Amino acid sequence: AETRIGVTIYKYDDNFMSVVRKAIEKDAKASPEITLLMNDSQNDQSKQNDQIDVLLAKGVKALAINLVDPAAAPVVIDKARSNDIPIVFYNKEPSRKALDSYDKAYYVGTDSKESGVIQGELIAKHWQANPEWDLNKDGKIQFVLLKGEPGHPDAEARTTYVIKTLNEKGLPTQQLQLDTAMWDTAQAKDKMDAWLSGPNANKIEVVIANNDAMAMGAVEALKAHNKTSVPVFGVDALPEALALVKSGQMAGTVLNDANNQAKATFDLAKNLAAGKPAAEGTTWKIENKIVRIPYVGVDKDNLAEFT
Ligand SMILES: OC[C@H]1O[C@@H](O)[C@H](O)[C@@H](O)[C@@H]1O
Ligand SMILES: [Ca+2]
Ligand code: NA
């Protein structure tokens with residue numbers, strides 16, 4: 001006996017979604033009647049759309065979709081609803097209007113703003129404890145920021161709220177550079193290397209990255225330029241970032257809870273595949289069809305909890 005569930009990951013080479021992918025597959029092992037059909041959309045929404053057509057033709061009873069493009073949620077909804085197939089969107093949040101457009105569309109993710117606020121609180125905490133970080137002694141944080149994908153809710157909120165949080169805590173900032181590296185380590189290394197080769201190089205006091213993968217690239221570029229005392233902040237708490245916090249090569253990150261997002265996505269998909277209320281028999285709190293899993297700030301104080 002078997003219930004098929006189709007799953008997409010927007011790109012398997014995304015560091016964070018690779019963690020989520022493995023956690024989904026691990027959780028599915030405990031429900032041997034489920035057969036997961038797991039797909040790498042390779043960062044291409046048209047490929048994902050074709051994959052969804054195949055999954056529906058192969059008789060999946062639910063879809064768990066990590067969109068390539070958040071704006072494509074209506075296309076996916078239109079495909080799934082033809083035969084009343086439920087969708088748990090996850091990690092890339094569709095619009096409220098898209099979620100409300102189909103009774104069987106749900107979302108599992110995070111409060112994106114919370115991660116920006118926590119990151120700003122972490123930067124404030126360390127800035128206030130490290131007066132030497134104010135290289136030009138002007139009382140302002142001269143920073144560069146590595147942004148995630150334009151329009152991605154986590155990139156937009158982390159970028160807006162890290163700065164609002166710092167400023168509201170009484171720490172003025174000066175944005176020397178702000179550009180996207182598309183969540184990617186190599187793009188971030190190249191972008192940081194360019195900034196370190198230009199006129200703002202010696203003015204940079206803090207590196208803020210919307211994720212750990214981009215922070216890791218910035219760390220490499222800082223090392224190449226012998227700027228290892230410029231602090232770097234990320235988001236996700238990837239193992240590699242936790243190792244950099246331990247060595248002092250990153251100042252802080254924020255746990256993006258892949259384990260519980262994967263478990264909630266799988267649990268909701270499994271209930272919906274059976275025609276049951278989405279959170280039945282689970283602890284997940286659905287609020288207007290959305291589950292949000294808390295972020296947690298991580299630095300040297302609480303690092304031992306995570307390694
Ligand atoms: O959608 C993918 C993105 O999701 C974000 O929540 C993670 O912080 C990023 O690392 C990841 O690249
Ligand atoms: Ca300064
Ligand atoms: Na994992």
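Just so you know, all these numbers are worked out from the coordinates, no wet-lab data involved. Neighbour counts are summed over all protein chains in view; Cβ atoms, including those assigned to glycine, are modelled from backbone coordinates with ideal geometry.
If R0 equals 30 Å, the separation of the Cβ atoms of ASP53 and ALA186 corresponds to a calculated FRET efficiency of about 0.40.
With the biggest extent put first, the Cα atoms of the chain measure 66, 35, 31 Å across the principal axes. Taking amide H positions as modeled 1.01 Å from N, with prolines and chain starts lacking one, the residues under 5 Å from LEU178 and 5 or more places away or on another chain are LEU145.
When the listed pairs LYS137/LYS223; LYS125/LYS263; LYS169/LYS263; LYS29/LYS147; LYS61/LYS147; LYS147/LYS263 are checked against a 26 Å cut-off, the alpha-carbon distance exceeds it for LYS125/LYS263; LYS169/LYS263; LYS29/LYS147; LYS61/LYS147; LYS147/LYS263. With loop membership from DSSP and a limit of 13 other Cβ atoms within 10 Å, the longest segment of the chain without GluC sites (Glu not before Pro) is 34-279. Could you tell me which of rounded, prolate or oblate describes the stretch 160-250, using a ≥ b ≥ c as the square roots of the eigenvalues of the alpha-carbon gyration tensor, with rounded for a/c under 1.5 and, failing that, prolate when a/b is larger than b/c and oblate otherwise? The shape class here is rounded. Using a simple spin-label model with pseudo-atoms 7 Å out from Cα toward Cβ, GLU280 and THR160 lie 3.7 nm apart. Annotation for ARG96 and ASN202: the two label points, set 7 Å from Cα along the Cα-Cβ direction, are 5.0 nm apart.
Straight Cα distances below 12 angstrom link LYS79 to the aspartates and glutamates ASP50, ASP53, with same-chain residues fewer than 8 positions distant left out. With R₀ fixed at 51 Å, the C-beta to C-beta distance from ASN130 to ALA1 puts the FRET efficiency at about 0.30. Spin-label pair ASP111-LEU178: with each label point 7 Å from Cα along the Cα-Cβ axis, the two points sit 2.3 nm from one another. The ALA243 and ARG81 beta-carbon pair, evaluated with R₀ = 51 Å, returns a calculated FRET efficiency of approximately 0.70.
If the segment from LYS300 to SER46 were pulled out straight at 0.36 nm per residue, it would be longer than the present Cα-Cα gap by 87.2 nm. Ignoring the sites themselves, the chain has its longest run without trypsin sites (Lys or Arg not before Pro) in a DSSP loop having at most 11 other Cβ atoms within 10 Å at 138-284. Using C-alpha pairs under 8 Å with a sequence gap of at least 6, the mean separation divided by the residue count of the chain gives a relative contact order of 19 percent.
Counting only DSSP beta bridges with both residues in the chain, the antiparallel share comes to about 10 percent.
Note on the chain: helix-only mean residue ellipticity at 222 nm, from DSSP H runs of 4+ residues weighted -39500 (n - 2.57) and normalised by residue number, equals -13000 deg cm²/dmol. Think of the chain as having a plus end and a minus end, set by charges on the Cβ of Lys, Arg, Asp and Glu; of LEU222, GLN249, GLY198, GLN249 sits farthest toward the positive end of this dipole.
The charge dipole of the chain, taken about the Cα centre with unit charges on the Cβ atoms of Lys, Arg (+1) and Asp, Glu (-1), comes to about 260 debye, rounded to the nearest 20.
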